[PDB]
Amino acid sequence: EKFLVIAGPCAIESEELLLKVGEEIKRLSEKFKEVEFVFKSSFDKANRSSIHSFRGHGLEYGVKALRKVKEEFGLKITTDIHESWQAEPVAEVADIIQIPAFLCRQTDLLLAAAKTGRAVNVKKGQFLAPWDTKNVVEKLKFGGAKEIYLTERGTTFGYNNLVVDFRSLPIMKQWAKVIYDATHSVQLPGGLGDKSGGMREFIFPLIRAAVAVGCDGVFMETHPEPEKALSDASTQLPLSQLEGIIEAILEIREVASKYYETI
């Protein structure tokens, strides 16, 4: 089955930033034809730690920008919703509706996404055990969702730290396709006080682990200049490094693939 690579700037800082990243993702989609690329970017960071942090330019502007990306590059689109009413308007452009980690248990949000007929990707809550995602998938199926993904993005490990329990990949695979969030899994929640931290040096090794274990795709935030990002400046991958990372995981995936266990 075609491997999924969900990538793009964390937040829709501007329609320009989106077209700049979209151009590169389009180039890579032409090179890595065995990969199904999905362009991602949030129209709103509705859960920043500080009230003073960047959130976005609203849904209207965001959907418009995302539609421009899909229109210009013919790339699939995914973005996250935060309240039920957003599912309908977002579904007009998003091929995959993403459910934020903190909201993975909000029944009405999951149901709102499911009835749009679009694919739904739920970030696994940092408080959730792998086996408890079975009910999350059940809610979605109940709500009409036919294409469901569960994304591993780390688990609460003491204060301001997340650990990735790779046992979660084969467990969740029992009831949904699994995506590994390579950039959020290394962030340090509220690590910088008014904002979260992160250790970029661990992004690559952990993503290698993910494909070695076996997953159906990877999620990576990428920005031309991470140091200047308005969100997740410590974890967003420099855009020029994307190509090399993807080649590497496809290589590791291939050699490890024959050993992937059957669920």
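Residues carry their position along the shown sequence, with the first being 1.
Compared with other PDB entries of the same protein, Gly214 is present in all of those that resolve the residues around it, none of them, let alone a third, dropping it. Compared with other PDB entries of the same protein, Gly58 is present in all of those that resolve the residues around it, none of them, let alone a third, dropping it. Per the PDB record, of the two stretches 181-189 and 136-144, 181-189 carries the greater mean B-factor over its C-alpha atoms. Taking the PDB entry as given, 228-236 carries the higher mean Cα B factor of the two stretches 228-236 and 198-206. The entry lists a Cα temperature factor for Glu243 that places it in the middle third of the chain's modelled residues. Among all modelled residues in this chain, the alpha-carbon of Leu59 has a temperature factor (C-alpha) in the highest third.
Placement of the Cα temperature factor of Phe127 within the chain: lowest third of the modelled residues, per the deposited record. When the modelled residues of the chain are ordered by C-alpha B-factor, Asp44 sits in the middle third. In this PDB entry, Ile263 carries a Cα temperature factor that places it within the highest third of its chain's modelled residues.
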